[PDB]
Amino acid sequence: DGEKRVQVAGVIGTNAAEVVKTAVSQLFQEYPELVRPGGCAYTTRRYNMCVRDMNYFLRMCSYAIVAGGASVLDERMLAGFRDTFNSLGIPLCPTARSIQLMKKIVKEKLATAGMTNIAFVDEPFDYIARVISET
Ligand SMILES: *C=C(*)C1=C(C)C(=O)N/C1=C\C1=NC(=C\c2[nH]c(/C=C3\NC(=O)C(C=C)=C3C)c(C)c2CCC(=O)O)/C(CCC(=O)O)=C1C
């Protein structure tokens, strides 16, 4: 387990910038509102913070897999972002999708690298997505 968990975070840490850029690209296809006025990536300032946020979530997921699970992540802190995002008009369902997309992009690269029987990787993506979109 521990060796594969390290091997996974190596792949994610190596392919960190591309996994985000690939995930945000497909996110804007399915949610084109984000690149329109009102959306959370209309301006360059907002877009930069949008890829920054996605990088934070993938970052948390890599550590969570290396650490042994999503228990390490603080549920109050993630629930703090839920309230902030609602207040600042960042919609929660697209935020959830972006994480679940980043799960999918990571799952491809691990399979293309060679790894199979990779269910444990899902946990912190599905956990952060669950606590973000709870209401
Ligand atoms: C839409 C694109 C983005 C989705 C995918 C998303 O997750 N957020 C959207 C982008 C924006 N985020 C903004 C402000 C903001 N985000 C966070 C989230 C974190 N900050 C952290 O340190 C961590 C974990 C280490 C997370 C998860 C916070 C706290 C904030 C507010 C403070 C700040 O960092 O600026 C904004 C700006 C909204 C506005 O204009 O007020 C966008 C856009």
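Quick note: residue numbers are just sequence positions, from 1. Values reported hereafter were calculated over all heavy atoms of this structure, with side chains retained and with hydrogens, waters and symmetry mates removed. One-based numbering, in listed order, for ligands and for the atoms of each.
Near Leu88, the atoms of ligand 1 lying under 4.0 angstrom from a non-hydrogen atom of the residue are 41 (O). Ligand 1 places these atoms under 4.0 Å from at least one heavy atom of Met49: 10 (C), 37 (C). Atoms of ligand 1 lying under 4.0 Å from at least one heavy atom of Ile90, given by number and element, are 8 (N), 9 (C), 11 (C), 12 (N), 13 (C), 36 (C), 42 (C). In the vicinity of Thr95, heavy-atom distances shorter than 4.0 Å reach the ligand 1 atoms 7 (O). Applying the 4.0 Å criterion to heavy atoms of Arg46 picks out, from ligand 1, the atoms 43 (C). Close contacts of ligand 1 with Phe57, meaning ligand atoms under 4.0 Å from a residue heavy atom, involve 7 (O), 27 (C).
Ring geometry, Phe85 versus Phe57: the interplanar angle exceeds 60°, so the pair is classed perpendicular (tilted spans 30 to 60°).
Contact annotation: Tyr47 has no heavy atom less than 4.0 Å from any atom of ligand 1.
Between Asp53 and ligand 1, at least one N/O pair is under 3.5 Å apart. Ligand 1 has no nitrogen or oxygen under 3.5 angstrom from a nitrogen or oxygen of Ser98.
Side-chain contact check for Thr22 and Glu18: at least one donor-acceptor pair (N or O, by modelled atom type) lies under 3.5 Å.
Contacts of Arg52 with ligand 1, taken as heavy-atom pairs under 4.0 Å, involve the side chain alone.
Summarising the local packing, OH of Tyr42 is surrounded by 12 or fewer heavy atoms from other residues, nucleotides or ligands at distances under 6.0 Å.
Minimum interatomic distance between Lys107 and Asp122 (heavy atoms only, all atoms of both residues): NZ-OD1, 2.9 Å. Of all non-hydrogen atoms in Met54 and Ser98, the two that sit nearest each other are CE-CB, 3.8 Å. Minimum heavy-atom separation, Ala70 to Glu123: N-OE2, 3.0 Å.
Side chain of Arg97 to main chain of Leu27: no donor-acceptor pair is present (N/O by atom type, distance under 3.5 Å, no hydrogens or angles).
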